[PDB]
Structures are given as C-alpha cells and as structure tokens.
Amino acid sequence: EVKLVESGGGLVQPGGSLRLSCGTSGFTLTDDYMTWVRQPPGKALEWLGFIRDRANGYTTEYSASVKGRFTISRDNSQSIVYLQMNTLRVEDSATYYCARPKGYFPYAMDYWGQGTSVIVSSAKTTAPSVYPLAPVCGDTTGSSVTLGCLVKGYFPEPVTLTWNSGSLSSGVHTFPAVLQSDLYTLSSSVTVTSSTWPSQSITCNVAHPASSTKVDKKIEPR
Amino acid sequence: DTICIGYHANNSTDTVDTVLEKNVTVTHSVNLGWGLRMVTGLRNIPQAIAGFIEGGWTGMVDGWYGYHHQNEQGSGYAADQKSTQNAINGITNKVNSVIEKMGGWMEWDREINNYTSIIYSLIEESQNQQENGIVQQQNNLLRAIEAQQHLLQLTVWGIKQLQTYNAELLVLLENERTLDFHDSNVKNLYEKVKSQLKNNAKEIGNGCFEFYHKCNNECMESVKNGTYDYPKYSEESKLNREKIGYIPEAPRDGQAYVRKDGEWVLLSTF
Amino acid sequence: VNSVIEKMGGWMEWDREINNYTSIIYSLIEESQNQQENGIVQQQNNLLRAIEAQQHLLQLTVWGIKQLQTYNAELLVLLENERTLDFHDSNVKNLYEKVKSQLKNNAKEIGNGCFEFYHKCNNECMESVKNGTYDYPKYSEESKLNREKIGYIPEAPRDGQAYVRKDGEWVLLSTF
Amino acid sequence: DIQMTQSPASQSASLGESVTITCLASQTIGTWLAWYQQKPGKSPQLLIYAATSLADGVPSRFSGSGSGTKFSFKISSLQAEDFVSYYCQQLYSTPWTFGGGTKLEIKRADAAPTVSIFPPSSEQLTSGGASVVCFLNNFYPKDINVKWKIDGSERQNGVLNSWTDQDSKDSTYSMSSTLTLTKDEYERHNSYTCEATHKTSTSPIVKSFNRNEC
Ligand SMILES: *[C@@H]1O[C@H](CO)[C@@H](O[C@@H]2O[C@H](CO)[C@@H](O)[C@H](O)[C@H]2NC(C)=O)[C@H](O)[C@H]1NC(C)=O
Ligand SMILES: *[C@@H]1O[C@H](CO)[C@@H](O[C@@H]2O[C@H](CO)[C@@H](O)[C@H](O)[C@H]2NC(C)=O)[C@H](O)[C@H]1NC(C)=O
Ligand SMILES: *[C@@H]1O[C@H](CO)[C@@H](O)[C@H](O)[C@H]1NC(C)=O
Ligand SMILES: *[C@@H]1O[C@H](CO)[C@@H](O)[C@H](O)[C@H]1NC(C)=O
C-alpha cells in the first residue's frame, strides 16, 4: 500500500538545527499536499505546513508559529519531503508526523507516518542509579504486599523495566518518566501476595540502551 | 438566482487512448510504464456561467464534480467532496488492481530470466564436460535438452507477445469504463437536484437551473446536502411561473425550434 | 492494415521455427530410443523418458498459445473493423461541417446531407466550396434577400408524424 | 488565523452509550472539516471528511454532522477500542488547524487506592541523597490528591508525581509520587506521611512511617 516513514529525529541542543525526512513508499496516485504535523507528548496536534508537488510549482505554506524558522522542501529526484528546522526551542520537543490526502484535492489527511521524535534540551547521556523499595519495617496489613523500584537521574528517553525478566507482568505499574530538573525519573510498582515474597526472590530489571548500562537489583527484606 | 452542475478542467495535456477513441485529453492520468496510460480524471474540456453541457469548469479546483451557484449575495464554485472522493476511491482501487496484475507478470518475467540463465550455465558445463571430462548416448541427450530450450524461448516469446496485447486492451477498456463512470456521476448529481427543485426551477438545458424564487446561500446548500424544502418556496414559485389561445412564431433562421414553457427552445439542445 | 500483416508475420515465422525445432527433438528422441537398443544404464533411460514427458508438456504449451493468439487475432480484426467504419463516418461528417461553416446562412440545410443555396452558384463557385475559399460576403446580400423573400405560425400536417418549426416551415422530427 | 475550539476535552461513558463531540470553528468553514482517532503511541487516523462523509473501512457507529462553524461527532454504541483520543481538523484555508482534542475513558465502579509508602534506599543514602516514594495504585476515578507531611507539616517542593493512563486491564489509574530530599535534611526529621485524598473516602487515606528504621 501507501506508506509514510519519517527519519532524522533524535537529540539536538537548544538553538541548534535539525533536518527531518519523510519518504513516501508504495504506488501513490499522487504525492501532492505533503503536510508536516507535530504533537508534544500528552498535548494536541499542531499543523506546521505543507508543500505542493512539482505539478503545482513546489509552493509551500506555514503557520504563524514556525514560518521562516522552518522550511519544508522536497528532493529533486528522491521522492522525499524535508523539514529544515532552525533555532530549535525547548517547546519544539515533540513527535513530528508527516501526512497527506489520499488522492488529489486535500479534503483530509488519509495517510500518516509513524512519526519521529525531536527532543530539544541541553543535558547529557547519564546512566540511572537503580534503587530498591521494600515495605516499611512495620507489620504491613493484609495478605497482599506491594513492592517498588526507583530509577532516578538519567537521560535521554526511553527506559524499559521488567520484573523477573517478563515472568512478572500481572498487577504491575510502571509510570511515565517525569523530568527531574534536567534528568528523567520514573518508578515501577508491583502488587503480589504475601506468600510469594520474600520467600521467592524478586528482581528489578533496568535497561537504558543509551548509556549501554543494564542493572538488575533484587529486593531484599528488612 | 441560478444553480449549475458542472465538473473539473485544467491546463493538463495528458492523453489516453480508449478503444474507439485515441489521443483523448484528460485532466488526471497515470503512467504504468510500458506505454500504458490510464485515465483517472475526466475529459479535459475547458471553456455567463455555463453548466456541464458544453464545458468543464477551470474555476472549480476543489474537486471533480460540483456546483456553481448564483444569487443576491454572490456566486462561486463548490465541488462535491462526497462525490469526488467516491469517484477517486473507486478509480484508485481499479488502478491498483492493475498494478497488482503487472506485479505478478514482472515477478514472472523475473523468475523466467533467473531459470533461463541457470539452464544455459548448465548447458555450458555439459558442453565442456563433453570435452574435458554409451558416450555417444549422452551427447544427443544433451542436444535434445538444447533443442527443447529454444522451443522454450519461442514459448516465452509467444506468451510475452500475448500478455502485451491483453495489457494494452485492458487499459483501453478500463479507460472507457472510467470516462463513462465520470459522465455517470455528473448526471447523477444533476438528476438529484432536478428531483428536489421540481417545478420551482426552470431547466435552462445547459446543465443549470433558473430559480423562480430567490434562493440565498443557505438555500443553495439545501440543494447541495439534499434537504431542499420544496413546499417552503412552493407558492412564490407557483406564482412567478404564471407571472410571465394559439402560440407565437419561432425565429426563422434555419434552426428547428421546440415549444416549452411558452417559449421557443432549440431542438439542438435536447 | 500493414501493421497487422507485420504482426501476423512474426507469428508465422514463430509457427515456422517451432515446427523446425519440434522435428529436431523427435529425430533426437528417436536416436536416443535406438541407441537404447543398438548401442548406470538404467539412469539414462528414465532420463530420456523425462525428456519425452517434457516434450508432450511442450506441445500442450504450444497448443494453448496457438489457441490464444487465434482469439486475439480475431478480436483485433473485429475491433479494427469498428475503428475503421467509425473513422469513415468521421471523415464524412468533417467534410459536411466544413462546407456548413463556409456557407453559413447563405444556404439552407436540407437535412438530408445537402445544402440549398439562396443564391445561384456556378461551377466556379462550387469549387470554392470544395477547395475552401468560399467568399461568403460576395453572395451575402442576394442571399440575405432570398432568405426574406419567401404573427403566429401555421399548422403542421396531421398525419401521425411529429413536426419541428424551422425557417418558417414544418420539418419532420425524425430527420434530426 | 482560524481557531478551532473542540469540546469537551474529556468524556466518560459506558459501553454502548452514545457520545457527541462538538467542534466550533472561529470563521466560516462550510463543509471543510475532518475527524481523526489516535490510539496511544500511534499516529492519527482519518474517520470523517467533508464534515459528514466517512473514510473507507470505517464503522457505521461513527458519524459527523454540521456546517459553517458548528460541527458534531457521534458514536452510536461505544466499544472497547473507541475509548482513545480524537481530534477534529479544518482544511478550508491555511493554516489547517486542529482542535484541542478529546480523551475518552471507560466508566467503571470506583476503587480505593492501594496506598503504600516506601522509605529511602540504603544505596541512595550512600551517594548523599534520599527519596520517599508513595504508590497510589489501582484507583477510580482519576481525580486524586496526594499531600506529603514531614513531622506534621505540609511539603510542596521536592515533590514529583506521575500518573498512568486508565489501565487496559482494570480501567483503574495508578499514581507515583517521588518526594526528593538531601541526606542531611532527611536525618533531621522523623515522621514521613503522604495523605491520599480520593472520592472513595471522606477521611483521607494515609500511609506513613517514622525514621526509626535503620
Ligand atoms: C443542510 O444545509 C442546510 C442549509 O445549509 C442546513 O440547515 C440550516 O442549518 C443551520 C444551522 O442551524 C441554520 O441555517 C438552520 O438551522 C438551517 N436552515 C434553515 C432554513 O432552517 C442543514 O442543517 C444541513 N443538513 C445537513 C445534514 O447537512
Ligand atoms: C479554389 O477554387 C477557386 C474557384 O474554382 C479558384 O478561384 C478562381 O481561380 C481561377 C483562376 O484564376 C479564376 O476562376 C479566378 O481567378 C478565381 N475565381 C474568382 C471568382 O475570382 C481558386 O484559385 C482555387 N484555389 C485553390 C487554392 O485551389
Ligand atoms: C533463482 O532461483 C534460485 C532457485 O530457484 C533462487 O535460490 C535464487 O534466489 C533465484 N534468484 C533470484 C535473483 O531471485
Ligand atoms: C532449423 O534450425 C536450424 C538451427 O536453428 C537452422 O540451421 C535451420 O536452417 C532451420 N530450418 C529452417 C527450415 O529454417
């Protein structure tokens, strides 16, 4: 079918520049109104602009929030649309989609790309410090115990956490990474029975491919 | 005040062939690769705001089919997005099924070249092992595989020649089905309006309707989205019809006239 | 017509070459069947009988192609015969519109494919209509006159035939 | 230069109930409006175009209506997959602006938070740091209010909360709360409390511990 794929996302420092790409792949009846759209995580969509095809003078349009600063353009013989971004601000950190109408006449965006992530911040690559979280020494009430695992002070996203290397998934909660100053922080809860613990050992699998550091940390009682 | 049904035209210079008709200028097409060009748009016929009888609207850029109203407030084109995208989707699926067929034939042309090059490299080794490495029985057995190969090539040739003719004829036929599909959709939008308006509007015959009552932009959309309250404007229409016992004479200018609404209309219009 | 003859040629040359190689294989199969008498041995036998089976599969193949080329050859003619007859009907109308353009109102369309002149056109003038140089303003006035030489209208003949009103006379609807 | 105010921003309904999402356009648009559906971590997907027309491969429960500046968007009978995010868009004139959006959620029976406090780690106390986590797992509705209290006085700075989306398994929300401090200050105080105020109780649901661990 028709298929859109973005590329060129990643880490970029404030005030710098970056050049995204969108490669239409598949038999297209026309690849005219190629529009760029971004979406800050948890926020709404935002239209950036579009660019007509060769069969309409390669004309472009923008919004009064990125005009002049961004520059949509398509390759002369590669069938790829580009987005040259300049003086990137922190507010520009968001997923960037590309999308265009099915055929001629732009009634609505039919086809979308999976999106590519742009992150505008200073920061540095940092490996988190894994910490366990056993209940208070006080006699916990009920026959059900709740455990935890804190992953503080690291960058960039993402980070994958698993309990017992996937063997434990039911009754588990891992929360969105929140930004602590300039380092991300997240935790992960897990609720089990008082029978399967601490008799059987539970371990917190941490993984941060950026720093190339994996750290398992068994939860111990007392 | 008057509403018109029309369609798209532009500066395109692409030409498709149908079986009966060649070099037909269409507004949108698609090149398949082997001289095969399929129409996607419609007959490009650019041009008092006339309807669809003797023209396509260059001014209507929003779609393939649409209207051109006119009234107190103003006038302007308005493509029917439902109609146009329905036509687009239908045609796209058709065009794709063709691409699909061509794919298998390309994959077919691919595999045949692969095995063809395998055999010759195998025939070569056989001709070399008939030198380097009952003996006479293996020779004419090899020369029998060779003769079968050339008969194989003559076979692949014939199939190729046939698939080519069927590929062309398929496009020549699908190009007619498409152009006809367009002419269909356009008439359907006309009959639909004709149904709603009834006698509250005069058929001009050029693809447009003259209202016997003043229809504002709001009313114009009722004609479009199919909610035309006919009884609403019924009376003032019923009036303006009769506002305007033998009949008068038709203009003598060597043109045949027909009698309608108490006026002489050309026979060459119907 | 020639492009068709050309296509048929290749198919004839094709039918020719296939017969040539077909007769070569059988003469080759024959020698193999005879050298399997006159002249691991059992491995050469079923290898021969495999070439034979492939041959009959080859003939079934040539048969199918032949059947198809025949249908496409016929349909090609049935289609080109329509394109031709239509091409004729086109050319004829083109010669009519061309004359119709020149004459304009100086001549009456009879509707049967002919034009009645409102002015006397000699053999010289007749060729001006042919070689496309009809001086319309030349005969304009005497034409403009003879038009009006011949306020409600009269009645159409009652004979169960529909009539249309043109140039102040009743013409049949079955003519248009 | 053309505004699109899409309301409501969030809605709650059970399976089969009908939901209608409005979308008011600042300037006149006519019929040039579309509707999308974005599943979490996925790209948007076209549903309606030309204000009322459904894209191909779209169910019949979905339907759009409206013209000019006032547009609607219904769902006949809601289903499990339908409880995602939805955006409206205008394509009449540049810029083709989107609406605010609307996040749908399942309407379930209320649930008490699995409140639980978690003192600092001996590991963290080694690098001169300390954090106090507080998990409020599996609670509905989403509206909850944590309040930290060290030695009987409220704490605001150093707090760091987080919320998960309505869990796909039990339709209940879960919350984190990482109260961060310096090792020097954590030692000076003793009683550490976090008061989770939820609809499932008049009196606050509170866990705590005294520093006398060690
Ligand atoms: C079809 O179009 C008509 C007219 O454009 C719409 O009717 C009007 O809707 C607006 C919104 O309230 C107002 O002008 C009036 O309520 C209606 N007109 C009159 C004269 O009452 C109608 O809503 C449209 N319907 C659809 C399905 O598109
Ligand atoms: C077209 O035909 C007309 C008439 O047959 C030609 O015009 C006449 O030419 C001959 C030769 O001189 C004379 O009768 C007159 O000179 C012309 N007629 C008149 C009324 O003046 C004309 O030459 C032909 N042209 C072509 C290109 O064939
Ligand atoms: C040719 O055929 C062989 C065996 O069928 C296969 O392994 C090989 O990949 C083919 N070549 C290509 C280019 O596909
Ligand atoms: C048959 O084929 C052989 C070899 O391809 C060729 O030499 C011969 O001339 C052909 N016979 C005829 C009648 O063309």
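Residues numbered from 1 in each chain as written, not as in the entry; some residues may be left out. Chains lettered and ligands numbered in written order. Part of a larger assembly, values for the part shown. Heavy atoms only, no water.

In its metadata, the entry names X-ray crystallography as the structure determination method and reports 3.188 Å as the resolution.

Re the interface of chain C and chain B
Inclusion rule: Should any heavy atoms of two residues lie within 4.5 Å, those residues are counted as being in contact. Buried area: the accessible area, evaluated with a 1.4 Å probe, that two parts lose upon being put together, summed over both parts. We count a salt bridge whenever a side-chain nitrogen from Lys or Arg sits within 4 Å of a carboxyl oxygen from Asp or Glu. For the purposes of these results, a polar contact is taken to be a pair of N or O atoms within 3.5 Å, where, inside protein, one atom must be able to donate a hydrogen and its partner to accept one; residues adjacent in sequence count only when each atom of the pair is a side-chain atom.
Tallying the contact residues gives 43 residues for chain C and 41 residues for chain B. Taken together, both faces of the contact between chain C and chain B bury some 3,700 Å²; the carbon and sulfur share is 68%. Counting every contact that joins chain C to chain B gives one salt bridge. Linking chain C with chain B are six residue pairs in polar contact, by the criterion used here.

A few points about the site of ligand 1
Residues and elements named next belong to chain B. Going by this rule: Think of it this way: one heavy atom of a residue within 4 Å of a molecule or strand is enough to make that residue near it. In short, Shrake-Rupley with a 1.4 Å probe defines the accessible areas, and a residue's cover is counted only from the protein chains shown. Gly counts as polar in this scheme, as do all residues outside two lists: the nonpolar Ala, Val, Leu, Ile, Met, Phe, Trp, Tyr, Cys and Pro, and the charged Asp, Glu, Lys and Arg.
Every residue near ligand 1 is listed here: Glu218, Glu221, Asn225 and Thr227. The side chain of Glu218 places a nitrogen or oxygen atom 2.3 Å from an oxygen atom of ligand 1. Side-chain polar atom of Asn225 to an oxygen atom of ligand 1: 2.4 Å apart, as the coordinates give it. Coverage of ligand 1 by the protein amounts to 42% of the 600 Å² it exposes when considered alone. For the shell around ligand 1, the class distribution of residues is no nonpolar, two polar and two charged.

Some remarks on the packing of aromatic side chains
The cut-off we apply is this: Centres within 6.5 Å are what make two rings of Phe, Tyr or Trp a pair, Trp counting through its six-membered ring; a difference in plane orientation under 30 degrees is then read as stacked, over 60 as edge-to-face, and the rest as tilted. Our definition puts a charge over a ring when NZ of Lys or CZ of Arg is within 6 Å of the ring centre and also within 35 degrees of the ring normal.
Tallied over the full model, the rule gives 34 aromatic pairs over all chains. On the basis of an interplanar angle of 35° and a centroid distance of 4.7 Å, the ring pair of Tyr186 of chain D and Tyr192 of chain D is categorised as tilted. In textbook terms, an aromatic cluster arises when at least three aromatic residues are bridged by ring pairs, as seen for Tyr104, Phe105 and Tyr107 of chain A, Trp64 and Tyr65 of chain B together with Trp32 of chain D. The ring of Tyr230 of chain B has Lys198 of chain B lying over it, and the distance from NZ or CZ to the ring centre is 4.7 Å. Across the ring face of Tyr136 of chain C, the terminal group of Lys104 of chain C is positioned such that the distance to the ring centre comes to 4.7 Å.

What about the sheet that holds strand 14 (residues 160–163) of chain A?
All names here are of chain A. The following threshold applies: Strand pairing requires that DSSP identify at least two bridges connecting the strands. Every helix listed is a DSSP run of H or I at least four residues long, and every strand listed is a run of E at least two residues long, numbered separately from the N terminus. Working convention: axes come from line fits to C-alpha atoms, limited for helices to the stretch in contact. Angles between N-to-C directions cover 0 to 180 degrees.
Pairing within the open sheet is antiparallel, and its three strands lie in the order 14-18-19. The open sheet terminates on both sides in strands that have one partner only, identified here as strand 14 and strand 19 (213–218). The mean inter-strand angle of the sheet, taken between neighbouring strand axes irrespective of direction, is 15°. As paired elements, strand 18 (residues 203–208) and strand 19 share six bridges and run antiparallel to each other. When the sheet's bridge partners are listed, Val206 is paired in strand 19 with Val215.

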